[PDB]
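Given next, in structure tokens, is a single chain: the form deposited in one PDB entry.
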């Protein structure tokens, strides 16, 4: 229920200096994201394929849901790590607005 990383960058955007300070970590996260999203799409495709061929529960369905679950969990965890990277690159006085947005979105299920 919400793209946490995009919510943060939109609601409390980095200032000019912070954008420079975080450039490398933003690049590395964008790549990590992508990689995990690739795993996630493949897992969804495997689930869809299993069910298209055999429209019933089977061990392939159980396994594909486990694979989806873990890839989604991995993306949530990698995104949180990068959310803390961003917080580290903020001016300290900007952290309270950041925390307001972060906590509120987490409570709503944003990842």
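The term rigid core refers to the most C-alpha atoms you can superpose between the two forms while keeping them within 1.5 Å. Positions refer to the first chain, counted from 1.
Put simply, when the other structures in 4 other deposited structures of this protein are lined up on the rigid core, the C-alpha atoms of 62-70 lie farther off than those of the other stretch, from 62-70 and 25-33. Fitting each structure in 4 other deposited structures of this protein onto the rigid core and averaging C-alpha distances over structures and residues, 51-59 emerges as the more displaced of 35-43 and 51-59. If you average the C-alpha B-factors over 79-87 and over 64-72, the higher value belongs to 64-72. Of the two segments examined, 34-42 and 47-55, it is 34-42 that shows the higher average Cα temperature factor in the deposited entry. When the modelled residues of the chain are ordered by C-alpha B-factor, residue 104 sits in the lowest third.
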